[PDB]
């Protein structure tokens, strides 16, 4: 009877199912996942000079809503925006709002520069409201001035103010137009005269008229302050000509360098690091694909419409 040598390969009791070019259900000895299905329910901020805005809306940083008092200036490589964050203590909206939010959330910081705007003796330039509370007292947007007639009912004097950008980088300037709730309010604040607000630079020209109208009650007020913005190029002069209704800037903004804007509901964790963020937190997987969200920022696995894609790490399993 001849002696015998037999050649063979290993097998495992329970193999794993993978797909091939030719077979939907190929059993192999081992396989590993290529699509990440799990996220950390935190924003991993280790190694990042990050700013969590909390209830401060990015636009609130430029106009100086009380909620944004800790976020008026600074530097960051990562800026985190939260749901239902406050921009407007006084009711109103910004024209081209989303464009402005995007620019702030792309920034690596904000510097503030004084406009140097002054007002004659017949102007009260410290108009305040119960809608914008600061230090347990009636206040206003930190970076703007509510200009009204010092004497109730008196015509607001014709005023011209100019901001010159003395810097080598562009500045962002914002202003408001007050839309009174009634003719009685308009007359008391600015007088009976017809109101006209002109804004002019090299790169921007526009004209505004306070529209009197009783709007729905928001923060106890039927009036509105609506905001406008433009960029002031290096060396340029922007001129405000007004006789009532202008909410004038006391400072302009400079957006410094670049940063990663994140919109998320996930709490900060300074103990973990990450390069990939979404609404629900951080993705620290080494895998090439993820099925968490098509909406991610940073350096991320690619989104795929797949629960699982198993990569074989062994031969066909042929058990005994």
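Residue numbers count along the first chain shown, from 1.
- For the two regions 219 to 227 and 111 to 119, the entry's Cα B-factors average higher over 219 to 227.
- In this entry, 270 to 278 has the higher mean Cα B-factor, the comparison being between 53 to 61 and 270 to 278.
- Ranking 175, 240, 208, 140 by Cα temperature factor from the entry places 208 first.
- As recorded in the entry, 135 carries the highest CA temperature factor of 250, 102, 73, 135.
- In the PDB entry, residue 146 places in the middle third of its chain by CA B-factor.
- In this PDB entry, the Cα temperature factor of residue 81 sits in the bottom third of its chain's modelled residues, the lowest group.
- Annotation for residue 302: CA B-factor lies in the lowest third of the chain's modelled residues.
- Per-chain ranking of the deposited C-alpha B factor places residue 22 in the middle third.
- Per-chain ranking of the deposited C-alpha B factor places residue 201 in the middle third.
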